[PDB]
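**Student:** let me give you the complex in parts, starting here:
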Amino acid sequence: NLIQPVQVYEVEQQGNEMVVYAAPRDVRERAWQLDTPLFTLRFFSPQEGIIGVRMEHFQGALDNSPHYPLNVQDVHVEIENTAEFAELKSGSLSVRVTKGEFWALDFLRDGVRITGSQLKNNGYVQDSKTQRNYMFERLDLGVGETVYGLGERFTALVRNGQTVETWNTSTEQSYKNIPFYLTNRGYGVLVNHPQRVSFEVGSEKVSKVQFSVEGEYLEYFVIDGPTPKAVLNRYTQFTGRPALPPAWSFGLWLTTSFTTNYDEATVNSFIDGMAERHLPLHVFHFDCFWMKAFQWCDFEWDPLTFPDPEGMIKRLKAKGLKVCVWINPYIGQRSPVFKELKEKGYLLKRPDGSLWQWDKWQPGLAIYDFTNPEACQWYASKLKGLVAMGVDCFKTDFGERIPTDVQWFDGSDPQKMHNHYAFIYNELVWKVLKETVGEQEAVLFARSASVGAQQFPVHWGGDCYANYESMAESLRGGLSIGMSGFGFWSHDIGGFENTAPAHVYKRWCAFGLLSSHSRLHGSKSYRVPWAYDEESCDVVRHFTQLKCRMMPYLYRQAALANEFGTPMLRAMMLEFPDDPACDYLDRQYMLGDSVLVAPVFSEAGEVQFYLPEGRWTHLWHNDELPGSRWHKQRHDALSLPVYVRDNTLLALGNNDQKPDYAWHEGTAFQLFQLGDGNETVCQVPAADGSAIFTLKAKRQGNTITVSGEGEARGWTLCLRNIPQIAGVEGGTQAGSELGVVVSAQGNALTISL
Amino acid sequence: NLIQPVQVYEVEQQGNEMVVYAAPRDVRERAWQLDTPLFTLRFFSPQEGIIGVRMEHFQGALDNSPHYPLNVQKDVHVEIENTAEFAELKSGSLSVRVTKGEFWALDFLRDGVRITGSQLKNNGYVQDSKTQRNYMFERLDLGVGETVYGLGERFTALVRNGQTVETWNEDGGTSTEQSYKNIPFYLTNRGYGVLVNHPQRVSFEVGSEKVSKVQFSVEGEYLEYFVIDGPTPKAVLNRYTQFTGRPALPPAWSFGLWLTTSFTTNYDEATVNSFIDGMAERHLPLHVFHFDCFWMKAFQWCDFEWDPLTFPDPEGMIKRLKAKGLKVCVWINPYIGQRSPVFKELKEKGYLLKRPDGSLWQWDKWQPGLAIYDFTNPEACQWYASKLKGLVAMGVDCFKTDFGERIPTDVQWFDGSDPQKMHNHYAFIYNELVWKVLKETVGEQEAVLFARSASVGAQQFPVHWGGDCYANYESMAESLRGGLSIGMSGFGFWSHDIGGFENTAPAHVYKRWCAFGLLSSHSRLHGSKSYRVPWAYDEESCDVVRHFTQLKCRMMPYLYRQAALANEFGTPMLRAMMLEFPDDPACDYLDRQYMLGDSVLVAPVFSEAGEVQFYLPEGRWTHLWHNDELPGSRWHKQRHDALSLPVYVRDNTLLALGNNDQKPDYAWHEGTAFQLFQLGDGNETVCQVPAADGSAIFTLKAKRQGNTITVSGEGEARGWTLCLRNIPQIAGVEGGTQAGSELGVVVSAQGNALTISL
């Protein structure tokens, strides 16, 4: 049976909120004002440009924890109740209900409709077969309107035409489900339900995005832009800002692989092989088998493989590396700690009192009940003990297959805990890290996530395969997770399953080292570069040096991710929302504001990529290309399309061995296509993410005036593709293959030509 | 239970076919050569460039009719090579290779290069113990940047990647996942297609379940699918239409403007002539008139009996209509309501679909006590055909074959057909019956339909119609998507209801939809609860209708040549951008614009304000009548009034317009207005003017070299002209006279050979 709102009966103003009582039938006459349901739609605003809609049928239902961590506010709203309509306005966004005979729900930006619910397109459903009740909504999609996000999904980037289910690399399923989507019309929608939300994005009704949830009420927020970036800004303010990872985390990570044989000797062999081959390495990760098999995760080092854990870690740290170890929120029955946990009641129990267990991943696997405060303290104590031996960060794997036929310690609703468990688990580990190493030094490598988990970077793609198809899938997933509120994202360079062909591995190195976070990890084969080819070592060296050289720019972009929720790895639509050619672009991306990277997905090196408006210049090849069109190129293993947009002042560094160095000393500024009458700004970040030095460049005819503000020393400016200049006042000039290099002798120069 | 082929046990060559016996486990030792399933995979070639794969588990299952009407050849020249490392079957450039040894793998190769295939443990046999049913499934790989199209008339996003599709005809409309015309064939921008040869329900997970694979599964013990090579999508559609049926060439008059009586409006002869006379007084050309449901008494559809109280003299009405130069169409369907006096007769004769117990199958949807004509009964077929011929004899020219999709399965057909397959094959049987009647009466050349349902092979009976759309820009775009998809599914001709079907359209929506519909293969004004006559909206609406009807009639030489191309090579008149420019990466996801034939790019306007964004591939494009030029390989944004839209001709084109803007069926080779577009140095372009029968009656070639354009004609023509467009003045012309015009220099030829200097 289907019950839908068809007519407005009443509109009441309760403070800053607007309640609409709507009937599923004509009710202008008293004779029809009984024997009928009545939908209650509460419209409110927790933040400027965000309007929450709570459509409820029966209020007598139970609404138990957990709930999404939303920053709910005294927000200035304007309510207008006329004879023809009722409207609630927050900033530029407004919701309008049409009174009278024709029911209608409209969302307006400055008076113009951007979406809404038409007559008989929302309501309440009673399935007497399953004996279950659902509430559903359908928001309109205009011509050419595309949908993005909804978590880390590996399907097509544009969601139009897809079935999505918010229930935690080559499948529809997802490790990170987020019931929030974004549109190329500059608005997003968040369905405020931690339990299963069912999205039909242009699938059931092709011109609408339908979302439904079980129960008696449906709560969702519309977030205005007017640009996708502004939408992500408001959404990340509402649900949590991405944290700023420490600089060292942006270097190259190397793992021991999964089921490969490793011991202290193997670790030292990998470290020394990287060092003798002049391959900078910055973080080393210990994977599952640092604990005895069948006992994960009991936090006990394997004595016959790592007899001296603390001393090995001490020597690794003496070489300047950072250490990560694998963990997860499960425990195997084999572990001697299993008895302790069961007797103390720290493990998730079934309603009858017995423990919940299954034989996947671990024999007799149990789950740490993180609703038990003492279990949380025990877990955190183990993590802090690991930090005491020198560990700097943790890889929080798993946390997705949460059972529902259980009873939690605090009474949480299992259907909602299924997703919120990822948040709870990552939050404990993040609190441990903040309390031990410090908030600035906190970083994770997490595979699961819920709304608000962007606050605990970094996040990891998962179990991809070693071929170009899985590489493209990974890129799609990273773009989606970026457009779902997460600013930092990584993936297993070279793939995870099966050994990669040499060319696949080299292309994947190029792609991964041009990502926010880069890790070499595999399942059944090693990922050291020389395990494939010597040219693989060459590629790894080249691009690690490149990333370390770009860190002055990359860390400023990471600070931007922390401040506005703008991901470092942006989809083309996010940066060029007005360009019709970027709507369906998933094989290329923007690494920050200024750099366009197009990984190569071909053994032969062929690559096609689209350039938006402007004159684009390759970061180190220096060739120029016109924009607003597609281009075909062929590149060798040491190259790929990496183009800088015009009117750009980019900051490279003078160190290509480590990522965390004083970027404002010896800074190599690069000027790209500064037009006549244009101005460009470059903000060099400090270690803490704040701007330590600002460099502006103004062109006026043939004179470029550059001014610096802050603290910098020994910096230079490269006029790119300008072979010679007519003069320079304030500093010296020299020639180079890439253009004219001006060495400044102060924070004020005047370049003639 | 999941059973998958994991190792090749044996490979045998049976004539021109290759049989692979594969096991779900290692069977290299005798101890493992028993107590195990064994998949039998037959590889064959029914046509050059097409490879069929039949994967079987149990052969003892029943495999009853109907089957798709495929033109299967049993003597195609193939090359079979059974080595120690692999076994390969080659048809033309396409080949199928099974990898022997420990690692099973199936690969489809083009000239030795892999274009797709099934990896280890990506196909096989599944036993659902819950429902106690057995299925066979396959998963073909999708490469980087590879997009999927087709799968019937679907109104979801044009690119299928990420969608679940089910080949099960259902009456949903234009805004739903359901479809009236389901075809288990899909196409790829890498130049190959796949046809799953199962009339029953086929379940496709296109990049949805396995994001890097197209998965398709069917019930039973065998799965038969054909891989069809290209190497281009056009070549794929050519091979597919040769394999399953070529689109028929509709008559020229059918390409004119159609007007209907609307659905639930009151109509009689007086109202019909009133609207026709209103069209004539407003100088609005009309060529086909259609009588909708209420030409029969309500609740009695479809008994073929004229309502005496509404049409007392039907034959005289039709002759007067034909005396006005019009053609006549009527509505029919394969159902009958219990109210009709004919229902009892048909029940007693047993011409209606029966349940297994002998009772009639009925439901109260669409008509009270509705029953279905059993077209597996030859006598019912002859009865239906007799009624159809009787109506054609009184002057009817064509038929609207509506409905035919919600075919029940809990029935027993007269001939014992499998209901699960009949559900879809019924559309084919019904439309084929009507088409044969037309072939016998009006003639095969004059045969045309207006069909809402279709199955594999039904493209041979054009034309096809979108269905019950709504009156807004979103539904207009949905209709365009459905038309493009059905074009890429083997259908060359497609129509849609201008102005929408449900609810009355705002004036601007109606004007834009008119522009879009008259720039389609077939254009009809039809509605449900509101008239679709132009003057029911605005005077500017009448101007728009007149303008675009005149335009379509002037383009008929080109449009009818493109229709001949659709009949000959299966190339749809309404082509998706990817179909025409498969190598352009900017065209993969383009559904708001299309190519109307080889040379014309149309971008309908979906905005009240007239704003429109459209992509132009490489070249210098020129508007058909505004004459402005734009550079290609990029997007452009424009605003147009109700009388305009982006309609651009590609460079190096010799397009043939006509001198008649009142009717579509006229001597196109007399007074032909040739238009030359951006003929580059050293290039030559050709233009084939069609005859009434679709063959070329006149061919005009133009070669440019420096400042000399040599034009040569071959065939029969008279009084034709050639417009050097955007060339205001020339340095002379020998072989014809010259004159100026807004569009460029017009040369009037006096022979089949002219030479232009400059």
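**Tutor:** The structure has been received and is ready for your questions. Numbering: from 1, shown residues only, chains lettered A, B, ... in the order given.

**Student:** each with direction, which strands does the strand or helix carrying residue A:366 pair with?
**Tutor:** Here residue A:366 sits within strand A:366-367, counting by DSSP states H and E. Pairing partners of strand A:366-367, with direction, according to DSSP bridges: strand A:330-331 (antiparallel).

**Student:** which element follows the strand it pairs with toward the C-terminus?
**Tutor:** Going down the chain from strand A:330-331, the next helix or strand is helix A:337-344, by DSSP H and E.

**Student:** and the strands in the stretch 501-650 of chain A?
**Tutor:** Per DSSP state E, counting those that start in this stretch, the stretch 501-650 of chain A has strands spanning A:517-520, A:569-570, A:589-591, A:595-597, A:606-611, A:615-618, A:624-626, A:629-634, A:642-644, A:648-652. These are given in chain order.

**Student:** now render the ones you listed as JSON lines, adding distance to chain B and mean neighbour count.
**Tutor:** Heads up, the C-betas are built off the backbone N, CA and C, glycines and all. Listed next are the strands of the stretch 501-650 of chain A as JSON lines, based on distance: least, C-beta to the nearest C-beta, whole Å; neighbours: other C-beta atoms under 10 Å in any protein chain shown:
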{"stretch": "strand A:517-520", "distance to chain B": "21", "mean neighbour count": "25"}
{"stretch": "strand A:569-570", "distance to chain B": "18", "mean neighbour count": "26"}
{"stretch": "strand A:589-591", "distance to chain B": "15", "mean neighbour count": "23"}
{"stretch": "strand A:595-597", "distance to chain B": "15", "mean neighbour count": "23"}
{"stretch": "strand A:606-611", "distance to chain B": "5", "mean neighbour count": "20"}
{"stretch": "strand A:615-618", "distance to chain B": "15", "mean neighbour count": "21"}
{"stretch": "strand A:624-626", "distance to chain B": "10", "mean neighbour count": "14"}
{"stretch": "strand A:629-634", "distance to chain B": "5", "mean neighbour count": "15"}
{"stretch": "strand A:642-644", "distance to chain B": "16", "mean neighbour count": "23"}
{"stretch": "strand A:648-652", "distance to chain B": "23", "mean neighbour count": "23"}
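
**Student:** neighbouring contacts of the strand holding residue A:366?
**Tutor:** Contact with strand A:366-367 is made by A:329-333, A:338, A:341-342, A:347-348, A:355-357, A:402-403, as judged by C-beta atoms under 8 Å, 6 or more residues apart in numbering or on different chains.

**Student:** so which of these comes closest to residue A:107?
**Tutor:** Residue A:107 lies nearest to residue A:402 out of the contacts of strand A:366-367, by C-beta to C-beta, at 34.0 Å.

**Student:** so the closest one versus residue A:363, what's the distance?
**Tutor:** Residue A:402 sits 19 Å away from residue A:363, going by C-beta to C-beta, to the nearest Å.

**Student:** the more surrounded of the two?
**Tutor:** Legend: neighbour count by other C-beta atoms under 10 Å in any protein chain shown for residue A:402 and residue A:363, higher for residue A:402 (23 against 13).

**Student:** tell me if I'm right that residue A:342 and residue A:355 touch.
**Tutor:** Yes. Taking contact to mean C-beta atoms under 8 Å, the distance of 6.4 Å between residue A:342 and residue A:355 places them in contact.

**Student:** higher neighbour count, the two?
**Tutor:** More neighbours surround residue A:355 than the other of residue A:342 and residue A:355, with 19 against 15 (other C-beta under 10 Å).

**Student:** surely that one is in contact with residue A:348?
**Tutor:** Yes. The criterion here is C-beta under 8 Å, and residue A:355 meets it with residue A:348 at 7.1 Å.

**Student:** of the contacts of strand A:366-367, just the buried ones, PyMOL syntax please.
**Tutor:** Applied in PyMOL, the following selects the buried portion of the contacts of strand A:366-367 according to 16 or more other C-beta atoms under 10 Å in any protein chain shown:
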select buried, chain A and resi 329+330+331+332+333+338+341+347+348+355+356+357+402
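
**Student:** one more chain, chain C:
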Amino acid sequence: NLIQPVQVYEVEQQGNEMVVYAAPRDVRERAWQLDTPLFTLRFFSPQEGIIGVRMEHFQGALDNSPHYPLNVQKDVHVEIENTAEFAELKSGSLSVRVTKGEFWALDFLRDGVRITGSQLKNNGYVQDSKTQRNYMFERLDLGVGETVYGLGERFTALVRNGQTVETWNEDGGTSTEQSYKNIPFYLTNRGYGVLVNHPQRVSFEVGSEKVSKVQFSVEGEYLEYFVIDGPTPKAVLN
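**Tutor:** Next up, chain C placed on what we already have:
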């Protein structure tokens, strides 16, 4: 669905007890040492000449009272032998040996000579998805000429070979398989007995299902049974 121990993964000595972790698949390589069940077989000795075997799947199950009144000692002198080929626990003349390496095998020995035992794939864990119930079962071998006696006051043929017995008190009488006094303990003419330590229903197939084995099964997640040495039946009863 049937899950059986086929290979020994680990053997650990916990004081005077011997724990064997066995996998239902090959686990000699790291790639297969996860995503698998693991049977835990604890071998102990509560009294000289008696060896208890606790075969377990999940420890999280509830194990509520009542339990049989057993005089279980924790300080009995045992000798544990953990080699590369097998693991053995010895109490007096009785010993239990699990064969390590590729193929699992469990043997009960009197001074080194086998008196009974469980061969490969003759014990384990069963999941009935129809009834939604879990069972643990074991099969101890019967030698040539070996006869079984006891199992309570049963009025069937004295020698139990070929009989189905269920340890469930019933008010049947003297002419039926039912018994007023059901005891899950049986005795053999080879001088050993077996006691299945489960007060609830125990299902014995004595040479009936597997004619050369005594099978006993119980519902739940663990099966505990004691092998009692003789060397004579009278000593077994003592």
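
**Student:** mind redoing the contacts of strand A:366-367 now chain C's in there?
**Tutor:** Taking C-beta under 8 Å, 6+ apart as the rule, strand A:366-367 contacts A:329-333, A:338, A:341-342, A:347-348, A:355-357, A:402-403, C:60.

**Student:** residue A:719: neighbouring residues, count only.
**Tutor:** 25.

**Student:** what does residue A:301 give?
**Tutor:** Neighbours around residue A:301, by other C-beta under 10 Å: 18.

**Student:** now swap in residue A:492 and tell me
**Tutor:** By other C-beta under 10 Å, 27 other residues sit near residue A:492.

**Student:** next: residue A:315.
**Tutor:** 16.

**Student:** which residues does it contact?
**Tutor:** Shown in contact with residue A:315 (C-beta under 8 Å, 6+ apart): no residues.

**Student:** and what of residue A:660?
**Tutor:** The contact partners of residue A:660, by C-beta under 8 Å, 6+ apart, come to A:246-248, A:250-251, A:551, A:687.

**Student:** highest neighbour count among those residues?
**Tutor:** Most neighbours among those, by other C-beta under 10 Å: residue A:250, with 27 neighbours.

**Student:** what sits against that residue?
**Tutor:** A:516-517, A:547, A:551, A:554-555, A:558, A:659-660.

**Student:** how does it look with 6 Å?
**Tutor:** When contacts are counted by C-beta atoms under 6 Å, 6 or more residues apart in numbering or on different chains, residue A:250 touches residue A:659.

**Student:** flag every residue of chain A that's near chain C.
**Tutor:** Proximity of chain A to chain C (C-beta under 6 Å from any C-beta of the partner chain) is limited to residues A:259, A:293, A:333, A:354-355, A:357, A:359-361, A:363-364.

**Student:** farthest pair in the residues you listed?
**Tutor:** A:259 and A:354 (31.8 Å).

**Student:** ok, those two, which is more surrounded?
**Tutor:** Set side by side, residue A:259 and residue A:354 show more neighbours around residue A:259, with 19 against 15, by other C-beta under 10 Å.

**Student:** so what's the residue most central in space within chain A closest to, chain neighbours aside?
**Tutor:** By C-alpha atoms, centre = their mean, chain A has its centre lying nearest to residue A:486, at 2.4 Å. Among residues not flanking residue A:486 along the chain, residue A:454 sits closest, at 4.5 Å (C-beta to C-beta, 6 or more residues apart in numbering or on different chains).

**Student:** need the contact list for the one you found.
**Tutor:** A:240, A:242, A:485-486.

**Student:** still on that earlier bit, out of the contacts of residue A:660, what pair is the most spread apart?
**Tutor:** Across the contacts of residue A:660, no pair lies farther apart than A:251 and A:687, at 14.5 Å, counting by C-beta to C-beta.

**Student:** dig out what the residue lying closest to residue A:254 once chain neighbours are set aside forms beta bridges with.
**Tutor:** Nearest in space to residue A:254, with sequence neighbours left out and distances taken as C-beta to C-beta, 6+ apart, is residue A:520 at 4.9 Å. The partner list for residue A:520 in beta bridges (DSSP bridges) reads residue A:254, residue A:493.

**Student:** got the contact list for residue A:520?
**Tutor:** By C-beta under 6 Å, 6+ apart, the contact list for residue A:520 reads A:254, A:493, A:527.

**Student:** now do the contacts for the last one.
**Tutor:** Under the criterion of C-beta under 6 Å, 6+ apart, the contact partners of residue A:527 comprise A:494, A:520.

**Student:** mind checking how far it is from chain C?
**Tutor:** 16 Å (C-beta to the nearest C-beta, to the nearest Å).

**Student:** can you give me the neighbour number for residue A:405?
**Tutor:** That count, for residue A:405 with other C-beta under 10 Å as the rule, works out to 8.

**Student:** what do you get for residue A:129?
**Tutor:** A count of nearby residues for residue A:129, using other C-beta under 10 Å, gives 6.

**Student:** over to residue A:745?
**Tutor:** Using other C-beta under 10 Å, residue A:745 has 11 neighbouring residues.
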